[PDB]
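Worksheet: the structure to be examined is printed underneath.
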Amino acid sequence: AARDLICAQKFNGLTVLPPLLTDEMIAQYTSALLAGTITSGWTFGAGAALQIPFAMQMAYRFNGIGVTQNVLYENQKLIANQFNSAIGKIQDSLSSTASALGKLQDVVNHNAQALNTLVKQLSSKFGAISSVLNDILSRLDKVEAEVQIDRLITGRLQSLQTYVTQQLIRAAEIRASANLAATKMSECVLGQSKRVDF
Amino acid sequence: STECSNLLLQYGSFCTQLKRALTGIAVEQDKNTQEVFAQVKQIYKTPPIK
Amino acid sequence: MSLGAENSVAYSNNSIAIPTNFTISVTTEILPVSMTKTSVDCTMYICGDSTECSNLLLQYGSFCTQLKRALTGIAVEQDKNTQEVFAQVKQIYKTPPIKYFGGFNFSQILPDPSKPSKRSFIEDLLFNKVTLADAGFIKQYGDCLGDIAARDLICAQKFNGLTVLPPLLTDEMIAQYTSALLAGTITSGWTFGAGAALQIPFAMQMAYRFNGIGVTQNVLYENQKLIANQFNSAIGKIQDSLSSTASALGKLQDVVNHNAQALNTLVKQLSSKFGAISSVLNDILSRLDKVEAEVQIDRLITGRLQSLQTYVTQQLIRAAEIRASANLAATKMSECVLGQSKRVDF
Amino acid sequence: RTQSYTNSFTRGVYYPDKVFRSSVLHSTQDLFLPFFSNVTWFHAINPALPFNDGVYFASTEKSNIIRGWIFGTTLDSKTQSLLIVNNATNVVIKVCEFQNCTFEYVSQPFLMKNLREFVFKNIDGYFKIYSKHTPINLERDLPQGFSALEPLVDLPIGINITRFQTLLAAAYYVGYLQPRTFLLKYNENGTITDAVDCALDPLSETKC
Amino acid sequence: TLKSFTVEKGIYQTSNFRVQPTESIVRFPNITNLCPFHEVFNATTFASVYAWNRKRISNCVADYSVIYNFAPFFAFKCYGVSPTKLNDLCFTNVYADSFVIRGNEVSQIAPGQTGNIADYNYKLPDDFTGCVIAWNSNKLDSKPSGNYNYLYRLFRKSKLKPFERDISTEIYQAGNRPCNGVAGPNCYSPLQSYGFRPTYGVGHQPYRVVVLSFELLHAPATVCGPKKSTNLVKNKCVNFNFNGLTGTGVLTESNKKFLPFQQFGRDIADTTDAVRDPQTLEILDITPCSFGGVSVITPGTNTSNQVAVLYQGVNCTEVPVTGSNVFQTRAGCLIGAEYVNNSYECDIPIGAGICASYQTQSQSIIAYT
Ligand SMILES: *[C@@H]1O[C@H](CO)[C@@H](O[C@@H]2O[C@H](CO)[C@@H](O)[C@H](O)[C@H]2NC(C)=O)[C@H](O)[C@H]1NC(C)=O
Ligand SMILES: *[C@@H]1O[C@H](CO)[C@@H](O[C@@H]2O[C@H](CO)[C@@H](O)[C@H](O)[C@H]2NC(C)=O)[C@H](O)[C@H]1NC(C)=O
Ligand SMILES: *[C@@H]1O[C@H](CO)[C@@H](O)[C@H](O)[C@H]1NC(C)=O
Ligand SMILES: *[C@@H]1O[C@H](CO)[C@@H](O)[C@H](O)[C@H]1NC(C)=O
Ligand SMILES: *[C@@H]1O[C@H](CO)[C@@H](O)[C@H](O)[C@H]1NC(C)=O
Ligand SMILES: *[C@@H]1O[C@H](CO)[C@@H](O)[C@H](O)[C@H]1NC(C)=O
Ligand SMILES: *[C@@H]1O[C@H](CO)[C@@H](O)[C@H](O)[C@H]1NC(C)=O
Ligand SMILES: *[C@@H]1O[C@H](CO)[C@@H](O)[C@H](O)[C@H]1NC(C)=O
Ligand SMILES: *[C@@H]1O[C@H](CO)[C@@H](O)[C@H](O)[C@H]1NC(C)=O
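Same order as they appear, the protein sequences are chains A, B, C, D and E. Residue numbers 264 to 461, in my numbering, belong to the letters of the first sequence in order. Residue numbers 302 to 351, in my numbering, belong to the letters of the second sequence in order. Residue numbers 14 to 359, in my numbering, belong to the letters of the third sequence in order. Residue numbers 2 to 209, in my numbering, belong to the letters of the fourth sequence in order. Residue numbers 94 to 462, in my numbering, belong to the letters of the fifth sequence in order.
Here it is, written out as structure tokens:
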């Protein structure tokens, strides 16, 4: 008996298409990038992957940022302990605090709310005598029924145009964020960045 | 509703360009996901030593 | 679908892999910069020489003033995008008549004075591979005045009040900017983007680039002929790819086709009744008396105004997208061409 | 009268209106004939044939056995009947509404290895006749190609027709018309050269 | 246009120029016959609504404005056209249907209604165009003993199609027993007779209804009203009236291969591209008259009051809708600014490589590359 909002969204003609890439394939791409950036340095982003020990790769990163590599090679255990403690700290922070993923939560909530408003818009009269179309067809004659039908069509068409325009603007914003994320994946993960606060 | 469809046919080609815009958005989202994640040419694997 | 070929790099704590040879790869990156500039006449589009329709349209306020202002802003923004992308050099440098650059062969990317337009081989292939229409540029009303049975779509687009403006910078001026940038880069390196151009031999400039990427210059100086041969073969491979494949310029093809489809839809929206009894304004004014005719003309005016507002909104969104792409192209020009970039996959 | 069944092979389109269009793809919903339909072949060496919203008629007999047609609900009396009997000396479209005459009409042009492709339509009391002659080689079955039909005669009858009968050794193809949407291609000279049936297969649905 | 008193330096598109029509031409077929509306609106009696007569009218000079002098009716109730605009445009064929009903059912003569007359006697289509005339006839078709000459059908198996009759009189099968031509239980006659009396109320009085059904211009025009023709003119921007089709344009010869059954030629956006002349069988083209856009190029109003005019998209051997300077550009052409063989920075952009500026060395507006 409990009718969900998704049931009314499907029954009123608003469906949702699944993405082409599933979460298993996204996780496989992420695992491939992690395995490359752990076992091969940055060279996989500039041709074939060339294997290298991780201590020497940290030495190359230290020499890139401007610290002589003896500082790394004399403090390897301390640097490993600090990295492990930072990984455990960010794991515990994601375990405890739930207010960090608000951007993705807003991405979900906007596309839920727009479809909810589009379904809720169907219950309006728009200056006609009844919001139900079959009530007007059952009650009135042809010409006056066509007048009320024309009012309802104009109102629902304006609502659909407003929804499409809002979706286009949100698509532009999401595309800009995805371009920034692609640039960050190209420059942070596949190499070493000299840009401040990037 | 056949009568509503018959009065909807006289309003032009609004719904065709609405469908075109929604299809463009749906293609663009998967293009964004592809161009963010699929940047490595091969699939690497960590050796069993850890 | 397949994500790619599976690999497993042999990693140990005392093994390394070091390259012993190299390859020189030339790749092609295509970015849109500007699109078609349009102007729309409201009275000609909606009414078309009808005083009753004009008097009914005058009661709707100032929709068309802000529509014309938005289209004028887009048309100015296209020229601003083209100027920002290309006009980055202060003096028009030209190549010296000697054409030796240490074995490197730039004869087939530099312009030649034989053609009436100073456009190179690859520039002519790119200008021919994109099926850019004439778009009503050279006196479209004079072209449409002829007694030809093949009625063009541009004829109806012009007759319905939709005009396509020509750009401020012509293709000859764009090619002159491209030639100046190419000659400055070849003859002076990165020094022409940070002041006056300082001449330097091209082998030593390539040694500076090798020292920038982290390879000692004796590697170039002991492999100069091999590197020149690889570069020439790569440029020939680019010409063969651009001669054979025609699907590489899909971005510019989409830039043309979206404007063509938008103008075609705006023309085809004039044949709809919009709830009235006829789609012909003179037929309505001839069949009906004043009050009922005013009712039908008001319905047609509302429908055509909705179509025009939809076209202007989609043009604004596409103009924002094209402006973002033009800013990316300008940044890519200023970083890749005028200098050397350490940014990975940039 | 022996009855065989054969295939239409994308034949029997017509100009839907008396306007001119050049190099424009145009979509029309009208009483058309579906492509690759089950057209019915009759050989006469005889009940009343059913009528259902227009009939397509084809024949190959050049010595004019098929003279005219008789329409109506019943055969002779007790209802409203039609009589479009024609002969070969002068071409007459003499129409009788005796069953008490209420509609008479006579006019010349109805008839001019030949296909006389006719289409008869009855919409809202208006009776429309489409006619086109076509040369043929290999006269068995039906040819492959496109040959549009043109408007000939309109009449204001204002009855029902639910049965029709040809007036007579002879062989003729009878096809049935349905309300259908077509996508017609106008040429540079205004000639219908190609058409797509919008509800035939998903490829033609994608084309439409 | 800018709604201000001070205009800064730049280019502004202002309005649209358009060449005006000079004369007007009206083309009508040469018809001299007068079809008799008089014999339709003057009769000794009208037929019953189950057996309504239908008169087809063509080849006429249809004078509608005299119709008010034949019958005493209030409203000339039209559904598709205007009652006062019938003398200008013209049709293909006219149909006149005359019958007599009672005053309760005169509202039923309308497109798309359900009742007794509109279901079983006289059904009008949903896309009906034409006019309906109704007038009282209590002094002509009413008798004190009872006028029973008018009958109507109230029993049928199915509803009537638009514009059709059913005059067959067979006994209605209202149950399961066969009637066999004998009335009685569950077997009623389909025709019931009117019982008109002069002492009834105003709603039961007999009314005479004449319906004029019109056909739109898709065929060659056979009936057209009293409008005088005008001699044909060509190669000038003229207002044309072709068989009620009013437009503004210039006429030329057309090499289009029109079929003999085709009268009009259509565009993509539903515009009459070509027309066949009604008097002589000739095909003519329609081209819209010359138009474009006008842009004003000016410096600031604090500097000078001199402007230049750019006409967009037109060749300018045809300027008429200082004044001695005309320079041909790609974006139209320029009037009021002189072209020099120099090169400076772009002050005011115009078009494909051409800019304009204000110069001192007398001060004037110059156009350069
Ligand atoms: C590095 O690669 C280049 C080209 O990939 C090699 O040059 C080739 O050498 C062979 C034999 O010496 C010739 O047959 C080819 O024609 C050369 N190719 C070109 C394009 O010139 C070069 O030998 C390689 N270097 C090393 C040390 O192996
Ligand atoms: C530099 O490049 C040009 C252009 O590719 C080369 O000219 C070609 O030479 C081959 C062999 O002689 C001819 O078959 C082609 O027809 C030429 N093309 C053109 C456009 O001239 C040139 O050989 C190259 N090398 C130099 C100048 O040393
Ligand atoms: C180095 O690698 C070998 C082989 O996997 C392993 O046995 C050894 O323990 C590694 N060295 C250290 C310090 O873990
Ligand atoms: C037409 O229908 C008959 C029905 O028996 C069938 O046998 C015949 O194959 C059909 N013709 C076709 C599908 O071409
Ligand atoms: C013709 O008359 C028959 C009576 O048997 C009826 O069923 C049919 O509906 C009538 N035709 C139309 C088009 O209504
Ligand atoms: C149109 O007709 C002309 C002559 O009647 C002919 O030359 C031309 O080829 C035709 N166009 C076609 C068949 O597309
Ligand atoms: C009408 O005019 C045409 C052309 O002048 C002429 O051929 C025709 O005979 C005229 N009709 C009448 C009835 O005079
Ligand atoms: C109606 O027309 C007839 C035609 O002969 C005429 O005799 C009669 O007088 C007319 N009726 C009136 C009231 O004038
Ligand atoms: C149109 O303009 C061009 C360019 O000035 C000119 O050569 C041509 O003669 C013009 N056409 C006319 C005047 O018909």
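No residue lacks a Cβ here, since even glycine has one placed at the ideal position from N, Cα and C.
Under 6 Å from any heavy atom of ligand 6, by CB: list those residues in chain order, please.
D/188, D/189 and D/190
Rounded to whole angstroms, what is the Cα-Cα separation between residue 49 of chain C and residue 356 of chain C?
As a position in the third sequence, residue 49 of chain C is number 36, starting the count at 1. As a position in the third sequence, residue 356 of chain C is number 343, starting the count at 1. Near 33 Å, if we compare the C-alpha coordinates of residue 356 of chain C and residue 49 of chain C.
Integer Cβ distance of residue 381 of chain A from residue 296 of chain A, believed to fall under 8 Å:
On the first sequence, position 118 is the one that residue 381 of chain A refers to. On the first sequence, position 33 is the one that residue 296 of chain A refers to. About 38 Å; that fails the 8 Å criterion.
In the DSSP assignment, find the alpha helix (DSSP H) that holds residue 345 of chain C and state where it starts and stops.
One-based indexing of the third sequence puts residue 345 of chain C at position 332. Looking at the DSSP string, the run of the alpha helix (DSSP H) that includes residue 345 of chain C is 303-345.
What residues sit near ligand 2, counting only those whose C-beta is closer than 5 Å to one of its heavy atoms, in chain order?
C/118, C/120 and C/121
Report the option in C/329, C/289 and C/331 whose CA atom is closest to the CA atom of residue 315 of chain C.
Against the third sequence, residue 315 of chain C aligns to sequence position 302. The option with the nearest alpha carbon to residue 315 of chain C is C/289.
Looking at residue 74 of chain D: is its Cβ nearer than 8 Å to the Cβ of residue 161 of chain D?
Here residue 74 of chain D refers to the residue found at position 73 of the fourth sequence. Here residue 161 of chain D refers to the residue found at position 160 of the fourth sequence. In contact: residue 74 of chain D and residue 161 of chain D (Cβ atoms closer than 8 Å).
Alpha carbons only, please: which of B/344, B/311, B/318 and B/305 is nearest the one belonging to residue 324 of chain C?
Here residue 324 of chain C corresponds to residue number 311 of the third sequence, with the count starting at 1. If we check each option's Cα against that of residue 324 of chain C, B/318 comes out closest.
To which residues does DSSP link residue 6 of chain D through a beta bridge?
To locate residue 6 of chain D, count along the fourth sequence from 1; it is residue 5. Beta-bridge pairing links residue 6 of chain D to D/41.
Spatial neighbours of residue 211 of chain E in its chain, beta-carbon cut-off 6 Å, leaving aside the 5 residues before and after:
Position 118 of the fifth sequence, counted from the first residue, corresponds to residue 211 of chain E. Contacts found: 201.
Who sits around ligand 4, taking every residue whose Cβ is closer than 5 Å to one of its heavy atoms?
D/6, D/8 and D/39
So which residues on chain D does residue 261 of chain E lean against when the C-beta distance must stay under 9 Å?
On the fifth sequence, residue 261 of chain E is found 168 positions in, with the first residue counted as 1. Ordered by position in chain D, the residues that pass the 9 Å Cβ test against residue 261 of chain E are 79, 80 and 81.
Any Cβ of chain C within less than 8 Å of the Cβ of residue 326 of chain B?
Translated into positions along the second sequence, residue 326 of chain B becomes position 25. Cβ-Cβ to chain C under 8 Å: no for residue 326 of chain B.
Does the distance from the C-beta atom of residue 1 of chain D to that of residue 140 of chain D stay below 8 Å?
Nothing can be reported for residue 1 of chain D, as the shown portion of chain D is limited to 2 through 209.
Close Cβ partners of residue 23 of chain D (< 8 Å) along its chain, the five nearest in sequence each way excluded:
Numbered from its first residue, the fourth sequence carries residue 23 of chain D at position 22. For residue 23 of chain D, where only same-chain residues beyond five positions count, the Cβ hits under 8 Å are 187, 188, 189, 190 and 191.
With respect to 7 Å, is the separation between the Cβ of residue 135 of chain E and the closest non-hydrogen atom of ligand 8 below this value?
As a first step, residue 135 of chain E must be located in the fifth sequence, where it is residue number 42. Residue 135 of chain E: yes, Cβ under 7 Å from ligand 8.
Any chain C beta carbon closer than 8 Å to residue 23 of chain D
Walking along the fourth sequence from the start, residue 23 of chain D turns up at place 22. It does; some Cβ of chain C falls within 8 Å.
Answer with yes or no whether the minimum CB distance from residue 132 of chain E to chain D is below 8 Å.
Here residue 132 of chain E corresponds to residue number 39 of the fifth sequence, with the count starting at 1. Output row for residue 132 of chain E: interface = no.
May I ask whether a heavy atom of ligand 3 can be found less than 7 Å away from the beta carbon of residue 350 of chain B?
Mapped onto the second sequence, residue 350 of chain B falls at position 49. At least one heavy atom of ligand 3 is nearer than 7 Å to the Cβ of residue 350 of chain B, so yes.
For residue 199 of chain C and residue 219 of chain C, the rounded distance between their alpha carbons
As a position in the third sequence, residue 219 of chain C is number 206, starting the count at 1. As a position in the third sequence, residue 199 of chain C is number 186, starting the count at 1. Distance between the alpha carbons of residue 219 of chain C and residue 199 of chain C: 10 Å.
Where the beta strand (DSSP E) containing residue 123 of chain D begins and where it ends
Locating residue 123 of chain D in the fourth sequence gives position 122, where the first residue counts as 1. Counting along the chain, the beta strand (DSSP E) containing residue 123 of chain D begins and ends at 115-124.
Cα-Cα, which of E/447, E/387, E/184 and E/458 is closest to residue 54 of chain C?
As a working note, residue 54 of chain C is residue 41 in the third sequence. Residue 54 of chain C has its Cα closest to that of E/387, out of E/447, E/387, E/184 and E/458.
Partner residues on chain A for residue 334 of chain B, Cβ-Cβ distance less than 9 Å
Walking along the second sequence from the start, residue 334 of chain B turns up at place 33. Neighbours of residue 334 of chain B on chain A, chain order: 282, 283, 284, 289 and 441.
Beta-carbon within less than 6 Å of residue 260 of chain E's beta-carbon, same chain only, minus the 5 sequence neighbours each way: which residues are those?
The residue given as residue 260 of chain E occupies position 167 in the fifth sequence. For residue 260 of chain E, where only same-chain residues beyond five positions count, the Cβ hits under 6 Å are 144.
May I ask you to report which of helix, strand or coil DSSP gives residue 203 of chain D?
Reading the fourth sequence from its first residue, position 202 is the one you call residue 203 of chain D. Reduced to three states, the DSSP call for residue 203 of chain D is helix.
Out of D/45, D/90 and D/54, state which residue places its alpha-carbon closest to the alpha-carbon of residue 112 of chain D.
Residue 112 of chain D sits at position 111 when you count from the first residue of the fourth sequence. Closest by alpha carbon: D/90.
Of all residues in the structure, which have a C-beta closer than 6 Å to any heavy atom of ligand 7, taken in chain order?
E/123, E/372 and E/373
Can you name the residues of chain E whose CB is closer than 8 Å to the CB of residue 151 of chain D?
Indexing the fourth sequence from 1 puts residue 151 of chain D at position 150. Per Cβ cutoff of 8 Å: 352 and 354.
Per DSSP, what kind of secondary structure is residue 172 of chain D in: helix, strand or coil?
Along the fourth sequence, read from residue 1 onward, the residue named residue 172 of chain D stands at position 171. Residue 172 of chain D: strand per DSSP, three-state reduction.
With distances taken between CB atoms, is the gap from residue 337 of chain C to residue 190 of chain C smaller than 8 Å?
Residue 337 of chain C sits at position 324 when you count from the first residue of the third sequence. Residue 190 of chain C sits at position 177 when you count from the first residue of the third sequence. Their beta carbons are not under 8 Å apart, which means residue 337 of chain C does not touch residue 190 of chain C by this criterion.
Quick check: the segment 413-430 of chain E against the segment 146-165 of chain E, are at least 3 beta-carbon pairs closer than 8 Å?
no
Pick helix, strand or coil for residue 223 of chain E, following the three-state DSSP scheme.
As a position in the fifth sequence, residue 223 of chain E is number 130, starting the count at 1. Strand at residue 223 of chain E.
Just the chain D side, please: which residues come within less than 7 Å of residue 222 of chain C by C-beta, in chain order?
By one-based count along the third sequence, residue 222 of chain C stands at place 209. Going along chain D, no residue has its Cβ under 7 Å from residue 222 of chain C, so there is no contact; the nearest lies around 52 Å.
Residue 132 of chain E, DSSP secondary structure in three states
Here residue 132 of chain E corresponds to residue number 39 of the fifth sequence, with the count starting at 1. Looking at residue 132 of chain E - three-state DSSP - the assignment turns out to be helix.
Classify residue 30 of chain D as buried or exposed, calling it buried when 16 or more other Cβ atoms lie within 10 Å of its own Cβ.
In the fourth sequence, residue 30 of chain D corresponds to position 29, counting from 1. Looking at its Cβ environment, which holds fewer than 16 other Cβ atoms inside 10 Å, residue 30 of chain D is exposed.
What are the complete alpha helix (DSSP H) segments, minimum 4 residues, inside the segment 155-221 of chain E?
210-213
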